[PDB]
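K.L.:
The data below comprise the sequence and an experimental structure of the protein.
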Amino acid sequence: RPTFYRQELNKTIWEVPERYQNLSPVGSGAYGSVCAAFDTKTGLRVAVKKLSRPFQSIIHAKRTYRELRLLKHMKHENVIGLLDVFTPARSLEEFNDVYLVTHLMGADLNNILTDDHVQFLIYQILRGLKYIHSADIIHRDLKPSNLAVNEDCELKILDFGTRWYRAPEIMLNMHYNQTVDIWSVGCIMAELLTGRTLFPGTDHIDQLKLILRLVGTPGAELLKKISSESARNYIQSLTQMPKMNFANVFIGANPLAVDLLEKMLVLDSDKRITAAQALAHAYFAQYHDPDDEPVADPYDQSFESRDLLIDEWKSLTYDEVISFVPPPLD
Ligand SMILES: C[S@](=O)c1ccc(-c2nc(-c3ccc(F)cc3)c(-c3ccncc3)[nH]2)cc1
């Protein structure tokens, strides 16, 4: 049990342990706020996030539990990791605030390309996605602002609080699998290669039109898989557009990058390349190492189907804080 100290940070109040110093607001929001800090114990610069109204309601309580559970499970170089989780509370009764700690990251993919850089960045995203997907976890909202990158060009996936990077199947809500994330990677890789948003739709309808112009309208095989009567009708009522040749769209780009893009941006999710399969694509020949692209321990998401009371979620959250085991010093 450490010693905490208070201080007001941009309307937001903070009560962190002594080891953390020089809290400097990196931002704030409805979610709460994130402060840059110096970890006196390790000497490393960290990011400390205070959740706002963690247990204001059952949904909030559950979201709080969900985030903590996810963060505690992630142990991979290309995925945000939990350096520490703490609360000023001395017991469950007083338990009302949650602070999460991780290594400070300098910028995001938005803030920030040569082909070698695209290769290295996409390689790392895919390496992180292989790990996440092996634990039956789907990001569902991959985008540049969710990808942290430091000065070494090292990347970490995070989230897991916009439609420009969303797979078409999950933007209308048929069935979807882990590859919705692969689609997002495709949109991201395209943007890094061209410097422009691949599908900057004004809304979901416009978004879909933009996508179909590139990948072509659904073929007969894909149509046979659309259970939604209305969606099936709409799609079939549209202009029958031919699939463009990506080489003709991404002119001048590495032919291998073009090939990968064509394998990632496929409408039929059943045929979309997976993260593991993508890692072995020739485009990453310079970085791919089958012996160093680990999968994750099994992840128990059964809690997602549970309907509990606010007090019960708060309590489950409290236990997760208490049981937290710090990572080996780096
Ligand atoms: C919903 S809003 O757009 C929003 C923006 C940022 C964050 C946000 N949460 C974190 C953050 C901090 C510690 C953790 F353990 C986990 C996440 C960061 C962070 C991580 C590394 N370096 C600097 C800042 N940014 C949360 C919500």
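P.N.:
Everything's here; your move. Numbering: from 1, shown residues only.
K.L.:
Residue 154: what's it in contact with?
P.N.:
Applying Cβ atoms under 8 Å, 6 or more residues apart in numbering to residue 154 gives the contacts 77, 124. Quick note: C-beta positions are derived from backbone N, CA and C, even for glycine.
K.L.:
Let the chain start at 731 from now.
P.N.:
Taking 731 as the first residue, the last one we looked at is residue 884.
K.L.:
From the ligand, how far off is it?
P.N.:
Residue 884 is 13 Å from the ligand, where distance means Cβ to the nearest ligand atom, to the nearest Å.
K.L.:
center of this structure - which residue?
P.N.:
Nearest to the geometric centre of the chain sits residue 890, at 3.6 Å (Cα atoms, centre = their mean).
K.L.:
my guess is that one contacts residue 877, does it?
P.N.:
No - with contact defined as Cβ atoms under 8 Å, residue 890 and residue 877 do not form a contacting pair (11.6 Å).
K.L.:
Up against the ligand, what does the stretch 731-880 of the chain have?
P.N.:
756-757, 759, 761, 764, 777-779, 801, 810, 812, 830-832, 834-835, 878 (Cβ under 6 Å from any ligand atom).
K.L.:
Go again with 8 Å.
P.N.:
Residues of the stretch 731-880 of the chain found near the ligand (Cβ under 8 Å from any ligand atom) are 756-757, 759-762, 764, 766, 776-779, 801, 810, 812-815, 830-836, 875, 878.
K.L.:
Please pick the buried ones from those residues.
P.N.:
Neighbour-count burial (16 or more other Cβ atoms under 10 Å) applied to these gives 761-762, 764, 766, 776-779, 801, 810, 812-815, 830-835, 878.
K.L.:
how far away is the residue in the stretch 831-980 of the chain that the ligand sits nearest to from residue 998?
P.N.:
Minimum separation of the stretch 831-980 of the chain from the ligand (Cβ to the nearest ligand atom) falls at residue 891, amounting to 3.0 Å. Applying Cβ to Cβ, to the nearest Å, the value for residue 891 to residue 998 is 30 Å.
K.L.:
Looking at these two, which is more packed in?
P.N.:
residue 998 (14 against 9; other Cβ atoms under 10 Å).
K.L.:
That one and residue 821, how far apart?
P.N.:
Distance check for residue 998 against residue 821: by Cβ to Cβ, it reads 53 Å.
K.L.:
Over to residue 846?
P.N.:
54 Å.
K.L.:
what's the answer for residue 900, then?
P.N.:
Taking Cβ to Cβ as the measure, residue 900 falls 41 Å from residue 821.
K.L.:
Please identify which of these two sits among more neighbours.
P.N.:
residue 900 (19 against 7).
K.L.:
The more buried one: what secondary structure?
P.N.:
helix (DSSP: H, G, I helix; E, B strand; the rest coil).
K.L.:
can you check residue 766 too?
P.N.:
Assigned by three-state DSSP, the conformation of residue 766 is strand.
K.L.:
What of residue 1028?
P.N.:
Per three-state DSSP, residue 1028 ends up coil.
K.L.:
so it makes contact with residue 803?
P.N.:
No - here residue 1028 lies out of contact with residue 803, judged by Cβ under 8 Å, at a distance of 9.7 Å.
K.L.:
so what sits against both of those two?
P.N.:
Residues within reach of residue 1028 and of residue 803 at once, by Cβ under 8 Å, 6+ apart, are residue 865.
K.L.:
quick one: which of those two has more around it?
P.N.:
Legend: neighbour count by other Cβ under 10 Å for residue 1028 and residue 803, higher for residue 803 (19 against 10).
K.L.:
Excluding chain neighbours, give the residue nearest to that one in space.
P.N.:
For residue 803, ignoring the flanking residues on the chain, the nearest one in space by Cβ to Cβ, 6 or more residues apart in numbering is residue 1029 at 5.6 Å.
K.L.:
Correct me if wrong: the one you found contacts residue 864.
P.N.:
No - in this structure, residue 1029 is not within contact of residue 864 by Cβ under 8 Å, at 9.2 Å.
K.L.:
okay, these two: which has more neighbours?
P.N.:
Comparing residue 1029 with residue 864 by other Cβ under 10 Å, the one with more neighbours is residue 864, at 18 against 14.
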